[PDB]
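Each of two forms of one protein chain follows alone as structure tokens, named structure 1 and structure 2.
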Structure 1
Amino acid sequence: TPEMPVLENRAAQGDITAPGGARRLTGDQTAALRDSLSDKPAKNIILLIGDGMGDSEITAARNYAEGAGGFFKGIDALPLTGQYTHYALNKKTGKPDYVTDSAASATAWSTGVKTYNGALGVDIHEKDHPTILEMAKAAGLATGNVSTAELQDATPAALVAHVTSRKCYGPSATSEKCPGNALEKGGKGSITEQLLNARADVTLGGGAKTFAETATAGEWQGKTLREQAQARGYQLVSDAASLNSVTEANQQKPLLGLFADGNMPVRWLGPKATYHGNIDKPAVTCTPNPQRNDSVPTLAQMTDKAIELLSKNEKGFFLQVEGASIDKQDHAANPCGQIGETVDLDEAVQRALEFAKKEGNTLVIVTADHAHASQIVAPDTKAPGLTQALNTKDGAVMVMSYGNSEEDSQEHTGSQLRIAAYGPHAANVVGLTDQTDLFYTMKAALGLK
């Protein structure tokens, strides 16, 4: 509908060296804003998560791929923007823990309650809390869970599982790590077991590896989780081709795609940032991954398939899309990997926006779980940590730094960060909010009880 608009052009108007040439706006937005506000109920919800995608990561990625005066057709097109907080809680004391992990953050938007790092779908008292997927499902809507990581990973895992520790991937690990959740100790089961129970109509991602573990107890005891899956009515697919065959997805024949043993492959490769790399070493240009594959769906691809199959439900749908790898490449101090996964996500955002634009009753939300390590610094910067200089699209050099861990892994950060939305109820992300608010915002737009 021309009704609800999106930002079509927020790129620099003309000559950046000229007066007004770097402007992103062409006029007054008061009208456009007014036209972007609606209190009408959302039919569908599409939630796009860039793991570790703070403002720094978004900026670094635009600078490189689109130029400083560039514009992300996906990411940057959402008209309603704000800043949200995502601190976690300390388990013993219930006091704030300023820097969160993806387990606690994902638990917050999915169930509306703060938790401790490590936790999936449980409060600090280790008490379960229904998730937005379980609720929408209960309400009879179609549910989708898509990611580029292993599906046991914290991010997607939070919509479907309740464990006291994100490490409880399969039975083997649960029994050890989460004994109270272990199927044999009377628990609800491991992350994978719980995923299977949940039954979203569409689930696409990696982590096929744990689907090889074997049930210790229950009905499917002694079989492989994968085996239990087909046993359960589930349709399994492992490549683009097959994923494309799929004409229908639902509770009868829910869909489960396992495109990789672990995380799906990264789009771009580059060297790892090194100490004084922006000085001692030359500017880098990122190399697309020759080992990415025509048979592996891109995220924008799982996204479009997900939308087509979930859109066949007349009551509506809930969809969660995760761009997993941003956070993981940030940890590895790999600019090229971190950047490409941001660009990968933008493509999916575009698909989601396109659908919402025409559909008209769709709420699209784009955000991150927490902030990361990456910073953009001056080119002649002499940093204590890991640095790298990059040749951007503007023909200039950009330098990225990761200086918050002497360890082998760059740490997350607690800075508040961008949240953007388009469609009905999107005004609920404007200004300062908390990660938990997102739950109530979503459940409220759909009218979930």
Structure 2
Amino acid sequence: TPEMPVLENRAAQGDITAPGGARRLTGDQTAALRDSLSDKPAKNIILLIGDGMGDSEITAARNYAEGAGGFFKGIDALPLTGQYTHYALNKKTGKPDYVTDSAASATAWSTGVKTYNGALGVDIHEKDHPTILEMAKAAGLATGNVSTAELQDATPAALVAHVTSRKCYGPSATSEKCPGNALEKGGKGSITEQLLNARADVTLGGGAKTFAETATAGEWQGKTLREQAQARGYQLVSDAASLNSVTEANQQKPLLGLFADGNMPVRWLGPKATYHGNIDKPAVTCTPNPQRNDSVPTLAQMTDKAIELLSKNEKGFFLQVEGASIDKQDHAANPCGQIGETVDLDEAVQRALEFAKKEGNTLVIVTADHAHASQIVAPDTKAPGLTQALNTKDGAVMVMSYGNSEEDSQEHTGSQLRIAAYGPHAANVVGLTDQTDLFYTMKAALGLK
């Protein structure tokens, strides 16, 4: 018997050149929004993060993949929407730092405490705070952590690791850069070792590389981290076939999927933007990445599999899904990569909403940790940074610009950005909120203490 509505179609409803033809609405929305509002408990939460997916990125991806008056059946379909702030803190002064990195922002929603750029799961005093995943597990809920990034990267790592620098992937980086955290120094360990201790029911991503490192101390000293996971009873999987053979995931047999050495394959290929690229180079049509095939699960497939396995828990589950970006160095300023990454997340969102609509007790939240610096500019633009012309689904040219930095490691900005939600307690993302409110929203929705 009918659940809360997901937005079915907010594409332009007609001929965009005619009066009323670009409308996305067909009538009054007051009843629809009423029907979207419930304060019943959330049994499950699915949190989907698009790396750099601020409003500009969503718009550009829509323009390219769906056309300007098109509609992302995942990303655009959430009925309750707001804007949230994600400033970090200066470690020394405690004053706002207007432009966060991925680590401080993931720390904020996962713990409810602001922190300094580069911190995971700790505050500006380097004190550990519990994460929403740890708390969900302690309350008897199943837990999932899914990303197309290496699993040691900030977004997934923040759910399961407490370290003073996001660089602390394995034992060697930790001994050097976070000596207070190093296992041999009485610390909780590297990000990978702490992930293994956290023992979520389902962990799926890239990052096999670090598992080749050996532990410096503890029960599994001298064993590779892969050997340690094996010894501690994880089901290790490495491709789509081995993932699909998994029939259950729980504390006795926790699932750890390592699908790439570093990050998983980008969906779409295209050239790096160049100086006056929209003027001096032909318009670009993105191409499918050959590395992307049925042997490597997609974000949407990993999401579906996680939902399948976690939904067996009768108490409920918490799942985080990250559509990560490979957006630095040779890979910075790549519209095709960045748009394809958003399309990937859209598919995963559709899987999440399809489940949530049927199940009826699931809160789905879709946002970004911080926004990419890409801008949509006029077709004839002469811009001082990097630009590219693209052939969109509309059969028109869109130009994207990257003008925030002359170096190719600063890819994000301080702008507040869209947060959207569906299901019980979704009212809590509407209007202006802070990224730290997201922690408290999730905590309260699941009834965690």
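Here, residue number means position along structure 1's sequence, counting from 1. Residues that one form lacks are left out of the comparison. Between two forms, the rigid core is the largest collection of C-alphas that superpose within 1.5 Å.
- Core-superposed comparison between structure 1 and structure 2: among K328, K357, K177, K188, the single residue whose C-alpha moves by 2 Å or more is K328.
- If you fit the rigid core between structure 1 and structure 2, you'll see the Cα of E411 move by 2 angstroms or more.
- Relative to the superposed core, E314 moves its CA by 0.1 Å between structure 1 and structure 2.
- Shifted regions between structure 1 and structure 2 (core-superposed; runs of 3+ residues, all CA displacements of 2 Å or more, residues common to both forms): 1 to 3, 326 to 331, 408 to 411.
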